[PDB]
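Protein chains get the first letters and strands the later ones, always in sequence-line order, with residue 1 at the start of each.
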Amino acid sequence: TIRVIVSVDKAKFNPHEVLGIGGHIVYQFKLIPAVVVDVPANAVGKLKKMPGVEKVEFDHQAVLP
Amino acid sequence: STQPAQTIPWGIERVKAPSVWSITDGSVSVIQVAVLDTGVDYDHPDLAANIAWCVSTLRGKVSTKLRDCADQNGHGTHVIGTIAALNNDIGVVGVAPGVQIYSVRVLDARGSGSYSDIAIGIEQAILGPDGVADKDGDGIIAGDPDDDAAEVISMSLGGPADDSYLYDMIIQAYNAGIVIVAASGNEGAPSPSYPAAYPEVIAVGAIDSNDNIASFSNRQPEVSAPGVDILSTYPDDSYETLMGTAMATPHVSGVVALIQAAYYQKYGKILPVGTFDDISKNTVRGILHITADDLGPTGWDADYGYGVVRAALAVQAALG
Ligand SMILES: [Ca+2]
Ligand SMILES: [Ca+2]
Ligand SMILES: [Ca+2]
Ligand SMILES: [Ca+2]
Ligand SMILES: [Ca+2]
Ligand SMILES: [Ca+2]
Ligand SMILES: [Ca+2]
Ligand SMILES: [Cl-]
Ligand SMILES: [Zn+2]
């Protein structure tokens with residue numbers, strides 16, 4: 001699996017959607033309409049098309065300065 | 001453990017913090033500074049009284065457990081001690097040595113961090129310990145004494161990616177009236193890493209004890225600050241000297257804490273955050289710009305940004 005972050009229309013998206021394609025919900029932001037999700041690699045394509053789903057972005061890494 | 005007698009690191013004295021203390025040391029009750037880093041040595045004798053909240057967002061799971069919030073690296077404790085080390089008989093002293101700190105651990109034992117965790121960290125800084133951004137619904141978050149949101153978010157961290165949900169969260173912090181400060185990065189690169197590169201965030205470069213920009217400092221910062229040979233607190237209940245734009249950042253975050261503390265002590269409200277452009281005395285960032293020690297070529301430049309922050313002038317300008 002890989003970690004991604006999905007930006008959604010809340011009142012158009014429902015978290016239970018993701019389990020169908022192999023996903024699990026990690027964290028639902030309270031202040032932005034977005035959701036951290038673990039999905040299999042082959043399933044990112046499927047996530048992209050779900051209702052309420054405006055964007056899928058990969059989880060990136062910071063560098064310690 | 002044998003605590004040495006207090007000293008004032010050359011960086012503290014460069015950013016002109018000590019003359020501000022008679023006005024405020026930053027211990028104005030509405031003011032907190034959230035430090036998103038590796039955590040904190042929460043029991044350090046030169047830090048503990050100032051640690052108002054200790055929390056972790058590692059792996060997308062918010063924890064208020066102390067064991068999960070503790071610094072397993074050192075980088076967090078060092079940063080926090082630059083902002084807030086207690087003014088007393090031991091150790092070192094911070095730029096704002098009475099300010100309340102929220103240590104938000106978004107980086108692990110290795111200092112590694114996922115953007116998802118950092119974003120949750122920003123979220124927790126806004127929500128504060130009570131889980132609610134704006135409890136009374138008035139639109140005032142930073143500076144509302146009825147809320148517990150931080151007034152400063154300090155991020156001594158950065159990366160190459162620019163992601164829309166991270167930016168959305170930064171936007172939320174900006175609109176909550178929070179001043180956001182972040183390390184330019186240490187690649188000797190042409191421009192700052194994110195989130196330091198966002199217009200809403202203050203990018204910070206590192207100078208050395210001779211006032212030259214450090215060769216590692218990512219260029220085109222907004223301001224600059226002591227970032228070479230910086231002595232601060234370090235685990236466990238001890239001190240250490242480090243370099244990097246990670247050590248410059250907290251000097252700037254401390255100065256912003258002094259400014260908003262002073263301004264609220266006098267007026268009962270905080271200043272607006274401001275923009276990168278600002279050259280007025282009406283916002284935090286304009287004040288920071290017009291009072292910085294312009295080094296290098298005249299005005300804003302690719303090495304020093306607007307210059308080395310100077311707290312004593314910035315506060316005098318805020319209060320004038
Ligand atoms: Ca506050
Ligand atoms: Ca001390
Ligand atoms: Ca709150
Ligand atoms: Ca409020
Ligand atoms: Ca209020
Ligand atoms: Ca300790
Ligand atoms: Ca200059
Ligand atoms: Cl958007
Ligand atoms: Zn998982």
Side-chain angles (χ1 to χ4, degrees), chain B residues 1-9 11-12 17-18 20-21 24-58 62-109 111 121 124-125 128-130 148-156 230-242 246-247 249-251 253-258 260-261:
Chain B
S1 229
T2 152
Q3 292 294 318
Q6 184 169 281
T7 197
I8 307 186
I12 312 297
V20 175
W21 301 332
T24 179
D25 62 358
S27 68
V28 181
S29 176
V30 67
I31 307 298
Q32 290 84 28
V33 180
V35 178
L36 278 55
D37 213 279
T38 69
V40 72
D41 174 4
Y42 54 81
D43 69 84
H44 194 118
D46 218 12
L47 305 183
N50 291 331
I51 308 298
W53 187 39
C54 195
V55 248
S56 188
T57 62
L58 296 179
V62 181
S63 177
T64 54
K65 291 180 77 183
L66 287 180
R67 170 179 259 269
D68 292 329
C69 88
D71 184 6
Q72 290 174 312
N73 176 286
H75 189 269
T77 299
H78 197 275
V79 169
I80 283 161
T82 298
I83 303 173
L86 295 153
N87 186 355
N88 58 20
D89 294 323
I90 56 154
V92 287
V93 56
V95 169
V99 75
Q100 287 160 72
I101 299 280
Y102 295 169
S103 175
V104 185
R105 174 186 195 210
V106 308
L107 305 175
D108 71 5
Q124 290 303 305
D130 61 356
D148 54 4
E151 284 62 30
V152 178
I153 290 166
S154 198
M155 294 182 280
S156 290
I230 299 311
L231 174 73
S232 193
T233 47
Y234 208 70
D236 192 298
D237 318 350
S238 177
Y239 305 87
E240 182 59 286
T241 298
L242 304 172
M247 290 59 254
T249 299
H251 288 93
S253 296
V255 169
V256 165
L258 297 169
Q260 299 292 222

Item to check | Atom pair CD1 (B:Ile80) and CG (B:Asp71), whose distance is rounded to the nearest 0.5 Å | outcome: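 Going from the CD1 atom of B:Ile80 to the CG atom of B:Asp71 covers 7.5 Å.
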
Next on the checklist: Run the side-chain hydrogen bond (donor to acceptor under 3.5 Å, both in side chains) test against B:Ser63 and tell me which residues pass, sequence neighbours left out.
Outcome noted: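 Once residues adjacent in sequence are excluded, the partners of B:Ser63 under the side-chain hydrogen bond (donor to acceptor under 3.5 Å, both in side chains) criterion are B:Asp68.
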
Item to check | Contacts of B:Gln32 that satisfy side-chain hydrogen bond (donor to acceptor under 3.5 Å, both in side chains) - sequence neighbours left out | outcome: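 With sequence neighbours excluded, B:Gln32 shows a side-chain hydrogen bond (donor to acceptor under 3.5 Å, both in side chains) to B:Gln100, given in chain and number order.
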
Item to check | Test item: B:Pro9 and B:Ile230 side chains (from C-beta on) under 4.5 Å apart, heavy atoms | outcome: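 The answer is no, as the side chains (C-beta and beyond) never meet within the 4.5 Å cut-off.
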
Under 3.5 Å, side chain of [X] to main-chain N/O of [Y], donor-acceptor pair present?
| X | Y | result |
| --- | --- | --- |
| B:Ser154 | B:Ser253 | no |
| B:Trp21 | B:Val95 | yes |
| B:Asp46 | B:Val92 | yes |
| B:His44 | B:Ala85 | no |
| B:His78 | B:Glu240 | yes |
| B:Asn50 | B:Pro97 | yes |
| B:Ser232 | B:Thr82 | yes |

Checklist entry - Of all residues at least two apart in sequence or in a different chain, which pass the salt bridge (charged side-chain N to carboxylate O under 4.0 Å, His left out) check with B:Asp237? => result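 By the salt bridge (charged side-chain N to carboxylate O under 4.0 Å, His left out) rule, B:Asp237 matches no residue at all.
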
Item to check | Intermediate values then yes/no, side chain to side chain contact (heavy atoms under 4.5 Å, CB included), B:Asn87 and B:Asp25 | outcome: CA-CA 9 Å; B:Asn87 186 355; B:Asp25 62 358; over 6 Å; no

